[PDB]
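K.L.:
The following block contains the structure, expressed as structure tokens.
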Amino acid sequence: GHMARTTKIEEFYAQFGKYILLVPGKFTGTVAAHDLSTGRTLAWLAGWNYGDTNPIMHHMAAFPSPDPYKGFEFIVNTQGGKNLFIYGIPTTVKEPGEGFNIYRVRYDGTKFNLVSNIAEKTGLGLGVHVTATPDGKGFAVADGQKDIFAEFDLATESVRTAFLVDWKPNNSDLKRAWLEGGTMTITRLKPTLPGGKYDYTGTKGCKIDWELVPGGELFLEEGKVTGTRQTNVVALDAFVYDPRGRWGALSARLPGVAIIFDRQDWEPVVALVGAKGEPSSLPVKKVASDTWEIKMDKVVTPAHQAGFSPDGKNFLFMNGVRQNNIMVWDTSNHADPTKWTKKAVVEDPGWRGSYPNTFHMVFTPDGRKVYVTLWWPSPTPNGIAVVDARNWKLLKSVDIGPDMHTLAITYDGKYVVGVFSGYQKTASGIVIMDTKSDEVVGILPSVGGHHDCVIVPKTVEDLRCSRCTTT
Amino acid sequence: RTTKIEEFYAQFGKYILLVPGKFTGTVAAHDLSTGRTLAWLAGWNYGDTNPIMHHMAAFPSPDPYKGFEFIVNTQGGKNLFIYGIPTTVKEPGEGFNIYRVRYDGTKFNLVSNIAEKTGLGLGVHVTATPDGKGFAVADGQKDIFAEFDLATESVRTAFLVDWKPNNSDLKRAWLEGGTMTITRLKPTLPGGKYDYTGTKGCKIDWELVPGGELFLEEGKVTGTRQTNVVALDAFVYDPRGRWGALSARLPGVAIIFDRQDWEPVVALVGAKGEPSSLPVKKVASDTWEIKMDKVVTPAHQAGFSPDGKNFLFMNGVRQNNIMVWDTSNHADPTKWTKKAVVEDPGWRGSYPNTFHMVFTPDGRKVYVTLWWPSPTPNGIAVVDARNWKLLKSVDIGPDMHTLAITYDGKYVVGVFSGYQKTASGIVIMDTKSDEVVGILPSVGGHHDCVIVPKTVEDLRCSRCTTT
Ligand SMILES: [Cu+2]
Ligand SMILES: [Cu+2]
Ligand SMILES: [Cu+2]
Ligand SMILES: [Cu+2]
Ligand SMILES: [Cu+2]
Ligand SMILES: [Cu+2]
């Protein structure tokens, strides 16, 4: 009785409404847009076609468009160098392409158009998270090998600001370089080359020869990561935006700190400390016209993914490995981030091992729930946690597949759309979950190693639940 | 109401779709029972800087979900430049690789580069032999084909085909006929290797596009031997064994080879109104000739029905039809004779270009791609393969390519490919109603697709008997 009828897929797609999913491919080298209303891939682009020999397509953010089906724009970046070598692909390449490109891409209703390489224009080759600003007219990119971030103006493709962050360990032994504390220095960079250009193209500036992979923060302390400035790494990750404006939070994985910046004067203002049992924050002291310091007696655990709720009144930071939890601050005081204080921590008995790590997130538009990926190394199924974002309690956990990454949400709040990525070698897919029932409604095929995904927004209100406020 | 996808996938049964990505540079396997992509591989990761992943064939596996093997090839050179992508690359990678890939239940493994091992870089169709123990690759820029042994990764035979035009004027080089010479190649390098890697041997700088015979005649295809090309396409197999058919697009001929003694035995002539066949004359120990007083039309898609009793060749460009031969006499291909032609008022000229097909296992119907340049909708034709009549045409999307079938005969699975820049997808059609049941997303420019077979009987409706 199991094969009594032919079934058409139309009702499945019809439920989602008119939303376009954008995904980067990591080791596939592609970017693609999928129409969730029809199942068609609207367009794709392959970086190698354009002469990028190492197009590790990493992160992306899309800007609001009045009609995504007629056109939209996004930024997607790449890694480079020896990052080709760290996912177990048995390549014999000797000298990988330099990479670290930042591409502006426009969909025109038919195809993608590679508009510009902002890395080549600006001299900032930055390979980790890309976030749109809340107004949709700028974007930030961070890098965790170079420990640089910058905010860019979209219209002019210009650098608004760039900062370097450095670690000076108390204990010079690699094993203890973070555990026993140190000083974090934050320096506002100035361009050094003609045309206001920075000197950070390609692999230039890397302190370590490849990224700290998902769940691999501690690989550095273990001697598993080569580089010239191993004990000076903080592993910057993202600059996420307060949807109320003015503030952004820079995540630094190895110290487990989120540094709050004033975007209106480009200065750091306070450092939030992730670890459970540690203070809410540490002060930032100005030590020169362009230089600030944070002093830490210890680092309890690394942290990684970070985000504001849609109303900006909560900030989340995911502690990992030494602790696996969701740390929550009360950010309701928009006037003064030095008053932001820890208010809750989400924990679970099942999170007590090294893995799972609390990972990428997305909030419902109404702020009632937050969905959080649960990452594990092979072979444990990865999943999605459903958290009550008013009382800060775990509601449900669901298994999905290997190597779960990002979550997006349709802007009416009805469906979460996520990606899993096979460690660049095994099963991959797009997963869709109904937010009313918290049930998976289906998996779609995906040729991708995606560490990101976005739904193309129509308005700045949509950005509150896109790649702007959270990773 | 929410709707779950389970019932949509549950209707298919346990089949794995394998696809190359063309300009994406990938290959991937999708589980049609769950929607998951089981594995993928990106050729650029391995240092192939122009991985135009082109054609493929998979071998029978007792349990595809536990493991399977396939061959996928690539094109290179100026094939990068024919799809309107505004690349600034000046010197494309040479390409023309032939990769053996194994799925191990978890991942793909790049086992070998047979082009490097053998010295034969061949970039057009890949076909499995009927016994699943060998495969052929043809190339229409070099006009070489070879059949390979899978176990030993060795060349069983290789041939070069050349055209000597009667009229040396490019516009008349095929219309006014010529002599086709077939030469059995011998390796020329140490260790029994051929000297045809990368772009070496190309007569033209890219594979002719659909309708591209006209562009070649009009002087719009670059290359060093433009009037000596025949545009070999595929070596397709008689499912009964013994014979293979080598399609040559420009002369519109299918050359039948004896796979036992490796000699050409007869040349089938596509064009309506022309003879069923022409003789092949041996002129030296390694050389044969076919003489044509004229070429009435090019042809492209070629292949056998599952029982081996019909052979099809699709005329295009100057005629647009499906020519059918009675090949019921397995003993003597010189007796294969034209028996039917499928025509339609809507089939004239170059477009639609009917350049892929798949039969139902029972042989009752054949599904044929209907390809057009942008912006005309592309689709699928359904042909009655007993009475030889067109039944139906269904519009799908832009840039339609290959058609596979589930081996229970229930669903056709095809791919469309956006001209490497717009909409792409996997399309599934119910063979009872001849209706599309759905489209799945696909980051791919695929010009091939296969369903991984379990048995040699499955190969009769896979990338073996047709392309
Ligand atoms: Cu991150
Ligand atoms: Cu990543
Ligand atoms: Cu991720
Ligand atoms: Cu063909
Ligand atoms: Cu095709
Ligand atoms: Cu092709």
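Every chain in the structure tokens has a letter given in the order shown (A, B, ...), and although residue numbers restart at 1 in each chain, ligands are simply numbered from 1 in the order shown.
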Give me, as JSON, numbers by chain, the set of residues whose atoms come within 6 Å of any atom of ligand 1, counting only C-alpha atoms and all ligand atoms.
P.N.:
{"A": [237, 304, 305]}
K.L.:
For the strand (DSSP E or B) assignment from backbone DSSP, which residues of region 360-450 of chain A qualify? Please present them as a PyMOL selection string.
P.N.:
chain A and resi 360-363+369-375+382-388+393-401+404-409+415-421+428-434+439-444
K.L.:
With only C-alpha atoms considered, list every residue of chain A at most 8 Å from chain B, as a ChimeraX atom specification.
P.N.:
/A:3,5-12,15,27-30,32,34,38-46,48-51,53-54,84,89-93,110-112,422,425-429,434,440-448
K.L.:
Residues within 10 Å of ligand 6 should be enumerated using only C-alpha atoms and all ligand atoms and returned as JSON, numbers by chain.
P.N.:
{"B": [20, 21, 22, 23, 52, 53, 54, 55, 74, 75, 79, 123, 124, 125, 207, 208, 209, 401, 445, 446, 447, 448]}
K.L.:
Give as a ChimeraX atom specification the residues surrounding ligand 4 up to a distance of 8 Å, considering only C-alpha atoms and all ligand atoms.
P.N.:
/B:124-125,233-234,300-301,355-356,467
K.L.:
Using only C-alpha atoms and all ligand atoms, find each protein or nucleic acid residue lying at most 7 Å from ligand 3; present the set as an MDAnalysis selection string.
P.N.:
chainID A and resid 214 360 405:406 451:452
K.L.:
Go ahead and write the selection's residues with C-alpha atoms as a tab-separated table (two decimals), in the first residue's frame.
P.N.:
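As written to disk, part_15.tsv reads:
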```tsv
chain	number	residue	atom	x	y	z
A	214	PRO	CA	34.39	24.35	13.14
A	360	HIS	CA	24.68	29.24	14.34
A	405	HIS	CA	25.81	25.06	9.70
A	406	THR	CA	23.59	28.12	9.35
A	451	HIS	CA	28.96	27.45	5.99
A	452	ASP	CA	26.31	30.15	5.36
```
K.L.:
12 Å from ligand 2 is the threshold here; counting only C-alpha atoms and all ligand atoms, which polymer residues fall inside it? Answer as a PyMOL selection string.
P.N.:
chain A and resi 24-27+56-60+77-79+83+86-87+127-130+142-144+210-216+237-238+304-305+359-360+403-406+420-421+423-424+449-453+471
K.L.:
Take the residues just selected and output them with N, CA and C atoms as a CSV table (one decimal), in the first residue's frame.
P.N.:
```csv
chain,number,residue,atom,x,y,z
A,24,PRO,N,26.5,29.9,-0.3
A,24,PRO,CA,27.9,29.7,-0.8
A,24,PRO,C,28.2,28.2,-0.7
A,25,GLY,N,29.2,27.7,-1.4
A,25,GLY,CA,29.5,26.3,-1.5
A,25,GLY,C,30.8,25.8,-0.8
A,26,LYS,N,31.6,26.7,-0.1
A,26,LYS,CA,32.8,26.3,0.5
A,26,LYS,C,33.7,25.6,-0.6
A,27,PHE,N,34.0,24.3,-0.4
A,27,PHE,CA,34.9,23.7,-1.4
A,27,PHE,C,34.3,23.5,-2.7
A,56,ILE,N,37.3,29.2,-2.2
A,56,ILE,CA,36.6,28.6,-1.1
A,56,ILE,C,35.6,29.6,-0.6
A,57,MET,N,34.4,29.5,-1.1
A,57,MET,CA,33.3,30.5,-1.0
A,57,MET,C,32.7,30.4,0.4
A,58,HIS,N,32.9,31.4,1.3
A,58,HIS,CA,32.8,31.1,2.7
A,58,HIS,C,31.5,31.7,3.3
A,59,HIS,N,31.4,33.1,3.4
A,59,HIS,CA,30.3,33.7,4.0
A,59,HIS,C,29.7,34.7,3.1
A,60,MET,N,28.4,35.2,3.4
A,60,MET,CA,27.7,36.1,2.6
A,60,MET,C,26.6,36.8,3.3
A,77,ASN,N,32.5,36.2,0.3
A,77,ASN,CA,33.9,36.2,0.3
A,77,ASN,C,34.5,34.8,0.2
A,78,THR,N,35.8,34.7,0.1
A,78,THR,CA,36.5,33.5,0.0
A,78,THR,C,37.7,33.4,1.0
A,79,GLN,N,38.1,32.2,1.3
A,79,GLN,CA,39.4,31.9,2.0
A,79,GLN,C,40.4,31.7,0.9
A,83,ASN,N,44.1,26.8,3.5
A,83,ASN,CA,42.8,26.4,3.9
A,83,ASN,C,42.2,25.3,2.9
A,86,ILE,N,42.6,21.4,4.8
A,86,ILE,CA,42.3,21.1,6.1
A,86,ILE,C,40.9,20.4,6.3
A,87,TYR,N,40.3,19.9,5.3
A,87,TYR,CA,39.1,19.2,5.3
A,87,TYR,C,39.3,17.8,4.8
A,127,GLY,N,38.4,36.7,5.2
A,127,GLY,CA,37.8,35.5,4.8
A,127,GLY,C,36.7,34.8,5.7
A,128,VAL,N,36.3,35.5,6.8
A,128,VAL,CA,35.3,34.9,7.7
A,128,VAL,C,34.0,35.7,7.5
A,129,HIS,N,33.2,36.0,8.6
A,129,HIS,CA,31.9,36.4,8.4
A,129,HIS,C,31.7,37.7,7.7
A,130,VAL,N,30.7,37.7,6.9
A,130,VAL,CA,30.2,38.9,6.2
A,130,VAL,C,28.8,39.2,6.8
A,142,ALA,N,35.1,40.0,8.7
A,142,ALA,CA,36.1,39.7,9.7
A,142,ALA,C,37.0,38.6,9.2
A,143,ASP,N,38.2,38.4,9.8
A,143,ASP,CA,39.0,37.3,9.5
A,143,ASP,C,39.8,36.8,10.7
A,144,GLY,N,39.7,35.5,11.0
A,144,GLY,CA,40.3,34.9,12.1
A,144,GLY,C,41.7,34.3,12.0
A,210,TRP,N,46.1,28.4,8.3
A,210,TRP,CA,44.8,28.0,7.9
A,210,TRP,C,43.9,28.4,9.1
A,211,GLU,N,42.6,28.5,8.8
A,211,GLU,CA,41.6,28.8,9.8
A,211,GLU,C,41.5,27.7,10.9
A,212,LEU,N,40.9,28.2,12.0
A,212,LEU,CA,40.4,27.3,13.0
A,212,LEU,C,39.1,26.8,12.6
A,213,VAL,N,39.0,25.5,12.2
A,213,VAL,CA,37.8,24.9,11.6
A,213,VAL,C,36.7,24.8,12.7
A,214,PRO,N,35.5,24.5,12.2
A,214,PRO,CA,34.4,24.4,13.1
A,214,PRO,C,34.7,23.3,14.2
A,215,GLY,N,34.6,23.7,15.5
A,215,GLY,CA,34.8,22.9,16.6
A,215,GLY,C,36.3,22.7,16.9
A,216,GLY,N,37.1,23.4,16.2
A,216,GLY,CA,38.6,23.3,16.3
A,216,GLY,C,39.3,24.4,16.9
A,237,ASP,N,35.9,36.6,14.4
A,237,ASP,CA,35.0,35.8,13.6
A,237,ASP,C,34.0,36.6,12.9
A,238,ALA,N,33.3,37.5,13.6
A,238,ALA,CA,32.2,38.3,13.0
A,238,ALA,C,32.0,39.6,13.7
A,304,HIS,N,32.2,31.2,20.1
A,304,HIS,CA,32.2,31.4,18.6
A,304,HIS,C,31.0,32.2,18.2
A,305,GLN,N,29.8,31.5,17.9
A,305,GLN,CA,28.7,32.2,17.2
A,305,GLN,C,28.1,33.3,18.1
A,359,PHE,N,25.8,26.5,18.2
A,359,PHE,CA,26.4,27.0,16.9
A,359,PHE,C,25.6,28.1,16.3
A,360,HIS,N,25.3,28.2,15.0
A,360,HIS,CA,24.7,29.2,14.3
A,360,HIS,C,23.3,29.4,14.9
A,403,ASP,N,27.4,17.7,10.0
A,403,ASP,CA,28.1,19.0,9.7
A,403,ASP,C,27.0,20.0,9.4
A,404,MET,N,26.2,20.3,10.5
A,404,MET,CA,25.1,21.3,10.3
A,404,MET,C,25.8,22.7,10.5
A,405,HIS,N,25.3,23.7,9.6
A,405,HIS,CA,25.8,25.1,9.7
A,405,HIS,C,24.7,26.0,10.0
A,406,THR,N,24.4,27.0,9.1
A,406,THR,CA,23.6,28.1,9.3
A,406,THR,C,22.1,27.8,9.2
A,420,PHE,N,23.3,21.7,5.8
A,420,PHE,CA,24.3,20.8,6.3
A,420,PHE,C,25.2,20.4,5.2
A,421,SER,N,26.5,20.1,5.5
A,421,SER,CA,27.6,20.3,4.6
A,421,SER,C,28.6,19.2,4.5
A,423,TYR,N,31.1,17.9,6.0
A,423,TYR,CA,32.6,18.1,6.2
A,423,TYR,C,33.3,18.2,4.8
A,424,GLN,N,32.6,18.8,3.8
A,424,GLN,CA,33.2,18.9,2.5
A,424,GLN,C,33.3,17.6,1.7
A,449,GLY,N,29.2,22.8,0.3
A,449,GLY,CA,29.8,22.7,1.6
A,449,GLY,C,29.5,23.8,2.5
A,450,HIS,N,28.5,24.6,2.1
A,450,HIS,CA,28.0,25.8,2.7
A,450,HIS,C,28.2,25.9,4.2
A,451,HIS,N,28.9,27.0,4.6
A,451,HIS,CA,29.0,27.5,6.0
A,451,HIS,C,28.1,28.7,6.2
A,452,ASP,N,27.2,29.0,5.2
A,452,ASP,CA,26.3,30.1,5.4
A,452,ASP,C,25.1,29.9,4.5
A,453,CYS,N,24.1,30.7,4.8
A,453,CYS,CA,22.9,30.8,4.0
A,453,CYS,C,22.1,32.0,4.4
A,471,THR,N,25.3,35.6,13.5
A,471,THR,CA,25.9,34.5,12.6
A,471,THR,C,25.0,33.2,12.6
```
K.L.:
Rank B:152, B:337, B:113, B:118 by their smallest atom-to-atom distance to residue 186 (chain B), using only C-alpha atoms, and report the top residue only.
P.N.:
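The shortest atom-to-atom distance to residue 186 (chain B) comes from B:118.
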K.L.:
Can you measure CA of residue 249 (chain A) to CA of residue 296 (chain A) for me? One decimal in Å is fine.
P.N.:
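Those two atoms sit 18.2 Å apart.
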K.L.:
Any idea what the distance is between CA of residue 126 (chain A) and CA of residue 292 (chain A)?
P.N.:
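A separation of 21.9 Å between them.
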K.L.:
For region 131-143 of chain B, find every residue with an atom within 8 Å (counting only C-alpha atoms), except residues of its own chain fewer than 5 positions away, and show them as a compact mmCIF listing (two decimals) with N, CA and C atoms, in the first residue's frame.
P.N.:
```txt
# COMPACT_ATOMS: atom_id res chain seq x y z
N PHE B 59 28.81 2.16 -13.55
CA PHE B 59 28.83 0.70 -13.73
C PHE B 59 27.88 0.04 -12.76
N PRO B 60 27.42 -1.18 -13.09
CA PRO B 60 26.52 -1.87 -12.18
C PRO B 60 27.15 -2.12 -10.82
N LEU B 122 40.01 12.86 -23.97
CA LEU B 122 38.82 12.80 -24.82
C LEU B 122 37.65 13.41 -24.02
N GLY B 123 36.93 14.34 -24.65
CA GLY B 123 36.04 15.24 -23.91
C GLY B 123 34.55 15.19 -24.22
N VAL B 124 34.07 14.31 -25.09
CA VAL B 124 32.64 14.25 -25.40
C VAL B 124 32.08 12.99 -24.73
N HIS B 125 31.20 12.19 -25.35
CA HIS B 125 30.42 11.26 -24.55
C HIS B 125 31.23 10.10 -24.01
N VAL B 126 30.84 9.69 -22.80
CA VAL B 126 31.31 8.51 -22.08
C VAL B 126 30.17 7.50 -22.05
N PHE B 148 37.99 1.32 -23.43
CA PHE B 148 38.90 1.08 -22.33
C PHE B 148 38.42 -0.10 -21.53
N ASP B 149 39.36 -0.87 -20.97
CA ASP B 149 39.10 -1.87 -19.96
C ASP B 149 39.12 -1.24 -18.58
N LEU B 150 38.06 -1.40 -17.79
CA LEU B 150 38.02 -0.75 -16.49
C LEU B 150 39.04 -1.37 -15.54
N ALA B 151 39.12 -2.69 -15.43
CA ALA B 151 39.94 -3.33 -14.41
C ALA B 151 41.41 -2.93 -14.54
N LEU B 160 41.21 7.25 -35.02
CA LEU B 160 41.10 8.61 -35.53
C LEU B 160 40.24 8.60 -36.76
N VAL B 161 39.38 9.59 -36.92
CA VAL B 161 38.54 9.72 -38.10
C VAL B 161 38.84 11.08 -38.72
N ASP B 162 39.00 11.11 -40.03
CA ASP B 162 39.34 12.35 -40.70
C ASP B 162 38.44 12.56 -41.91
N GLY B 201 45.89 17.43 -30.44
CA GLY B 201 45.05 16.76 -31.43
C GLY B 201 43.81 17.52 -31.84
N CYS B 202 43.50 18.65 -31.21
CA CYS B 202 42.26 19.34 -31.56
C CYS B 202 42.36 19.91 -32.98
N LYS B 203 41.31 19.67 -33.76
CA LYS B 203 41.13 20.26 -35.10
C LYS B 203 40.39 21.58 -35.08
N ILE B 204 39.51 21.70 -34.06
CA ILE B 204 38.71 22.87 -33.78
C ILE B 204 38.85 23.19 -32.28
N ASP B 205 38.62 24.45 -31.93
CA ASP B 205 38.94 24.93 -30.58
C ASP B 205 37.84 24.71 -29.55
N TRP B 206 36.66 24.30 -29.95
CA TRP B 206 35.64 23.90 -29.00
C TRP B 206 34.77 22.87 -29.69
N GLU B 207 34.05 22.08 -28.90
CA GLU B 207 33.04 21.15 -29.42
C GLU B 207 31.93 21.94 -30.13
N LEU B 208 31.51 21.47 -31.30
CA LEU B 208 30.42 22.18 -31.99
C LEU B 208 29.19 22.24 -31.10
N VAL B 229 37.37 18.11 -39.98
CA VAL B 229 36.60 17.62 -38.82
C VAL B 229 35.37 16.85 -39.29
N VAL B 230 35.05 15.80 -38.53
CA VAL B 230 33.78 15.08 -38.65
C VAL B 230 32.91 15.26 -37.41
N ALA B 231 33.46 15.74 -36.29
CA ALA B 231 32.70 15.94 -35.05
C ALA B 231 32.12 14.61 -34.54
N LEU B 232 33.02 13.67 -34.23
CA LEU B 232 32.62 12.48 -33.50
C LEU B 232 31.91 12.90 -32.22
N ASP B 233 30.91 12.09 -31.84
CA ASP B 233 30.10 12.41 -30.67
C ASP B 233 30.12 11.31 -29.63
N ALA B 234 29.74 10.09 -30.02
CA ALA B 234 29.57 9.02 -29.06
C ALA B 234 29.88 7.69 -29.70
N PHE B 235 30.21 6.72 -28.87
CA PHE B 235 30.27 5.30 -29.27
C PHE B 235 29.25 4.57 -28.42
N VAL B 456 23.41 -5.54 -15.30
CA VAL B 456 23.72 -5.27 -16.69
C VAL B 456 22.42 -5.00 -17.46
N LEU B 459 21.71 -1.38 -17.68
CA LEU B 459 22.49 -0.59 -18.64
C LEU B 459 21.81 -0.44 -19.97
```
K.L.:
Quick one: pull the distance between CA of residue 170 (chain B) and CA of residue 289 (chain B), Å, one decimal.
P.N.:
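So the two atoms, CA of residue 170 (chain B) and CA of residue 289 (chain B), lie 21.3 Å apart.
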K.L.:
Calculated over only C-alpha atoms and all ligand atoms, which of the candidates B:453, B:210, B:64, B:273 has the smallest distance to ligand 5?
P.N.:
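Checking each candidate against ligand 5, we get B:210 as the closest.
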K.L.:
Excluding residue 359 (chain B) and residues on its chain fewer than 3 positions from it, collect all residues at most 9 Å away from it, counting only C-alpha atoms, and give them as a PyMOL selection string.
P.N.:
chain B and resi 304-306+362-368+385+404-405+409+460-462+466
K.L.:
Here is a test: counting only C-alpha atoms and all ligand atoms, which residue of B:324, B:376, B:56, B:104 is nearest to ligand 5?
P.N.:
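The shortest atom-to-atom distance to ligand 5 comes from B:56.
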K.L.:
Using only C-alpha atoms and all ligand atoms, which of the listed residues (B:63, B:399, B:69, B:213) sits closest to ligand 5?
P.N.:
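Between B:63, B:399, B:69, B:213, the residue approaching ligand 5 most closely is B:399.
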